[PDB]
Amino acid sequence: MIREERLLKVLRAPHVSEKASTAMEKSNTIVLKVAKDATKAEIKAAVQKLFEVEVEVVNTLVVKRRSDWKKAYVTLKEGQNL
């Protein structure tokens, strides 16, 4: 299933973009910069271990720019740290 060196690389940054603020304060959901491959199953596995929170669902999309950057919307349960 997992090898930790991959979880440490599957996430690349947090992402701040106004709808990223409204994703949290309205809809218990955090917005991330993830690997150019990744997959939703790995993105959930990375957040649930690095950030110690339960995850409900992960949805993904891309900026359509030269570096083809993968955004992830990770929805949490009820309470969160950051």
# chains A, B, ... in the order shown; residues from 1 in each chain; ligands from 1
>>> residues_around(residues="residue 31 of chain A", least_positions_apart="6", cutoff="7 Å", atoms="only C-alpha atoms", output="ChimeraX atom specification")
/A:14-15,20,71-74
>>> write_last_selection(atoms="C-alpha atoms", output="PDB file, in the first residue's frame")
ATOM      1  CA  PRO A  14      -1.178  24.690   0.545  1.00  0.00           C
ATOM      2  CA  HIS A  15      -3.071  27.011  -1.843  1.00  0.00           C
ATOM      3  CA  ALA A  20      -9.926  28.502  -0.790  1.00  0.00           C
ATOM      4  CA  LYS A  71      -5.319  21.332  -7.362  1.00  0.00           C
ATOM      5  CA  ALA A  72      -6.999  19.144  -4.715  1.00  0.00           C
ATOM      6  CA  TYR A  73     -10.146  19.945  -2.668  1.00  0.00           C
ATOM      7  CA  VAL A  74      -9.763  17.726   0.458  1.00  0.00           C
TER       8      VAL A  74
END
>>> residues_around(residues="residue 36 of chain A", least_positions_apart="2", cutoff="12 Å", atoms="only C-alpha atoms", output="ChimeraX atom specification")
/A:9-12,33-34,38-39,43,60-64,66-72
>>> closest_residue(among="A:56, A:42, A:78, A:25", to="residue 7 of chain A", atoms="only C-alpha atoms")
A:42
>>> closest_residue(among="A:8, A:59, A:65, A:23", to="residue 46 of chain A", atoms="only C-alpha atoms")
A:8
>>> select_by_dssp(residues="chain A", states="strand (DSSP E or B)", output="CSV table (one decimal) with N, CA and C atoms, in the first residue's frame")
chain,number,residue,atom,x,y,z
A,11,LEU,N,2.1,15.8,-1.7
A,11,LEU,CA,1.7,17.2,-1.4
A,11,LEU,C,2.9,18.1,-1.7
A,12,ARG,N,2.6,19.3,-2.3
A,12,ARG,CA,3.7,20.3,-2.7
A,12,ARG,C,3.5,21.7,-2.2
A,13,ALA,N,2.3,22.1,-1.8
A,13,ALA,CA,2.0,23.3,-1.1
A,13,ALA,C,0.5,23.3,-0.6
A,14,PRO,N,0.2,24.1,0.4
A,14,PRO,CA,-1.2,24.7,0.5
A,14,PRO,C,-1.4,25.7,-0.6
A,29,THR,N,-13.5,22.3,4.0
A,29,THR,CA,-12.7,21.8,2.9
A,29,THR,C,-11.4,22.7,2.7
A,30,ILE,N,-10.3,22.0,2.6
A,30,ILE,CA,-9.0,22.6,2.4
A,30,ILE,C,-8.5,22.4,0.9
A,31,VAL,N,-7.7,23.4,0.4
A,31,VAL,CA,-7.3,23.4,-1.0
A,31,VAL,C,-5.8,23.3,-1.1
A,32,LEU,N,-5.3,22.3,-1.8
A,32,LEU,CA,-3.9,22.0,-1.9
A,32,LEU,C,-3.3,22.0,-3.3
A,33,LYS,N,-2.0,22.2,-3.4
A,33,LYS,CA,-1.1,21.9,-4.5
A,33,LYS,C,-0.5,20.5,-4.3
A,34,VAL,N,-0.8,19.6,-5.1
A,34,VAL,CA,-0.4,18.2,-5.1
A,34,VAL,C,0.5,17.9,-6.3
A,55,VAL,N,-10.5,12.5,6.7
A,55,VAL,CA,-10.9,13.0,5.4
A,55,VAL,C,-12.2,12.3,4.9
A,56,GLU,N,-13.1,13.1,4.4
A,56,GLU,CA,-14.4,12.6,3.8
A,56,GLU,C,-14.3,12.2,2.3
A,57,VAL,N,-13.8,13.2,1.5
A,57,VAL,CA,-13.6,13.0,0.0
A,57,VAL,C,-12.6,13.9,-0.5
A,58,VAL,N,-11.9,13.6,-1.6
A,58,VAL,CA,-11.0,14.4,-2.4
A,58,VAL,C,-11.4,14.6,-3.8
A,59,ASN,N,-11.6,15.8,-4.3
A,59,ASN,CA,-11.9,16.1,-5.7
A,59,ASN,C,-10.7,16.9,-6.3
A,60,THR,N,-10.3,16.7,-7.5
A,60,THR,CA,-9.1,17.3,-8.2
A,60,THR,C,-9.5,18.0,-9.5
A,61,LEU,N,-8.7,19.0,-9.9
A,61,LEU,CA,-8.7,19.6,-11.2
A,61,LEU,C,-7.3,20.3,-11.5
A,62,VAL,N,-7.2,20.9,-12.7
A,62,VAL,CA,-5.9,21.5,-13.2
A,62,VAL,C,-6.0,22.9,-13.7
A,70,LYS,N,-1.9,20.5,-10.7
A,70,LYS,CA,-3.0,19.8,-10.0
A,70,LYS,C,-3.4,20.4,-8.6
A,71,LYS,N,-4.6,20.9,-8.6
A,71,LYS,CA,-5.3,21.3,-7.4
A,71,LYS,C,-6.1,20.2,-6.8
A,72,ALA,N,-6.2,20.1,-5.5
A,72,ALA,CA,-7.0,19.1,-4.7
A,72,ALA,C,-7.9,19.9,-3.7
A,73,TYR,N,-9.2,19.6,-3.7
A,73,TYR,CA,-10.1,19.9,-2.7
A,73,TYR,C,-10.3,18.8,-1.7
A,74,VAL,N,-9.7,18.8,-0.6
A,74,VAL,CA,-9.8,17.7,0.5
A,74,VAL,C,-10.8,18.2,1.5
A,75,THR,N,-11.9,17.5,1.5
A,75,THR,CA,-13.0,17.7,2.5
A,75,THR,C,-12.7,17.0,3.8
A,76,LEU,N,-12.7,17.7,4.9
A,76,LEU,CA,-12.6,17.1,6.3
A,76,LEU,C,-13.9,16.7,6.8
>>> closest_residue(among="A:22, A:40, A:17, A:77", to="residue 52 of chain A", atoms="only C-alpha atoms")
A:77
>>> closest_residue(among="A:18, A:2, A:26, A:79", to="residue 44 of chain A", atoms="only C-alpha atoms")
A:2
>>> atom_distance(atom1="atom CA of residue 35 of chain A", atom2="atom CA of residue 80 of chain A")
23.1 Å
>>> select_by_dssp(residues="chain A", states="helix (DSSP H, G or I)", output="list in words")
residues 4, 5, 6, 7, 8, 9, 10, 19, 20, 21, 22, 23, 24, 25, 26, 27, 40, 41, 42, 43, 44, 45, 46, 47, 48, 49 and 50 of chain A
>>> atom_distance(atom1="atom CA of residue 16 of chain A", atom2="atom CA of residue 41 of chain A")
22.7 Å
>>> decode(residues="segment 34-45 of chain A", atoms="N, CA, C and O atoms", output="PDB file, in the first residue's frame")
ATOM      1  N   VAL A  34      -0.821  19.597  -5.148  1.00  0.00           N
ATOM      2  CA  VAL A  34      -0.367  18.191  -5.089  1.00  0.00           C
ATOM      3  C   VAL A  34       0.541  17.852  -6.278  1.00  0.00           C
ATOM      4  O   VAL A  34       0.749  18.687  -7.164  1.00  0.00           O
ATOM      5  N   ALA A  35       1.118  16.658  -6.278  1.00  0.00           N
ATOM      6  CA  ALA A  35       1.983  16.165  -7.347  1.00  0.00           C
ATOM      7  C   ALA A  35       1.275  16.138  -8.724  1.00  0.00           C
ATOM      8  O   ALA A  35       0.045  16.067  -8.819  1.00  0.00           O
ATOM      9  N   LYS A  36       2.064  16.244  -9.801  1.00  0.00           N
ATOM     10  CA  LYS A  36       1.565  16.336 -11.185  1.00  0.00           C
ATOM     11  C   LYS A  36       0.942  15.029 -11.700  1.00  0.00           C
ATOM     12  O   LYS A  36       0.097  15.078 -12.589  1.00  0.00           O
ATOM     13  N   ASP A  37       1.323  13.912 -11.091  1.00  0.00           N
ATOM     14  CA  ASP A  37       0.545  12.674 -11.104  1.00  0.00           C
ATOM     15  C   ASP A  37      -0.451  12.679  -9.922  1.00  0.00           C
ATOM     16  O   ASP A  37      -1.615  13.059 -10.104  1.00  0.00           O
ATOM     17  N   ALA A  38      -0.015  12.298  -8.712  1.00  0.00           N
ATOM     18  CA  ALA A  38      -0.832  11.884  -7.573  1.00  0.00           C
ATOM     19  C   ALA A  38      -1.974  10.895  -7.947  1.00  0.00           C
ATOM     20  O   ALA A  38      -2.105  10.411  -9.078  1.00  0.00           O
ATOM     21  N   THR A  39      -2.847  10.633  -6.982  1.00  0.00           N
ATOM     22  CA  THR A  39      -4.226  10.149  -7.188  1.00  0.00           C
ATOM     23  C   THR A  39      -5.018  10.431  -5.909  1.00  0.00           C
ATOM     24  O   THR A  39      -4.421  10.636  -4.845  1.00  0.00           O
ATOM     25  N   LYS A  40      -6.367  10.482  -5.955  1.00  0.00           N
ATOM     26  CA  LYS A  40      -7.180  10.924  -4.791  1.00  0.00           C
ATOM     27  C   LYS A  40      -6.941  10.063  -3.560  1.00  0.00           C
ATOM     28  O   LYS A  40      -6.901  10.576  -2.448  1.00  0.00           O
ATOM     29  N   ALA A  41      -6.690   8.769  -3.771  1.00  0.00           N
ATOM     30  CA  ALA A  41      -6.401   7.832  -2.696  1.00  0.00           C
ATOM     31  C   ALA A  41      -5.082   8.161  -1.951  1.00  0.00           C
ATOM     32  O   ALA A  41      -5.078   8.174  -0.720  1.00  0.00           O
ATOM     33  N   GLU A  42      -4.028   8.522  -2.678  1.00  0.00           N
ATOM     34  CA  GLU A  42      -2.755   8.985  -2.097  1.00  0.00           C
ATOM     35  C   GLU A  42      -2.876  10.356  -1.432  1.00  0.00           C
ATOM     36  O   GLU A  42      -2.308  10.581  -0.366  1.00  0.00           O
ATOM     37  N   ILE A  43      -3.640  11.288  -2.033  1.00  0.00           N
ATOM     38  CA  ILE A  43      -3.853  12.628  -1.481  1.00  0.00           C
ATOM     39  C   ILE A  43      -4.534  12.537  -0.107  1.00  0.00           C
ATOM     40  O   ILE A  43      -4.063  13.132   0.861  1.00  0.00           O
ATOM     41  N   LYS A  44      -5.587  11.707   0.012  1.00  0.00           N
ATOM     42  CA  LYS A  44      -6.217  11.392   1.294  1.00  0.00           C
ATOM     43  C   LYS A  44      -5.211  10.751   2.270  1.00  0.00           C
ATOM     44  O   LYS A  44      -5.146  11.164   3.423  1.00  0.00           O
ATOM     45  N   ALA A  45      -4.420   9.774   1.827  1.00  0.00           N
ATOM     46  CA  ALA A  45      -3.446   9.120   2.700  1.00  0.00           C
ATOM     47  C   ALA A  45      -2.372  10.085   3.219  1.00  0.00           C
ATOM     48  O   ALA A  45      -1.996   9.991   4.388  1.00  0.00           O
TER      49      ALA A  45
END
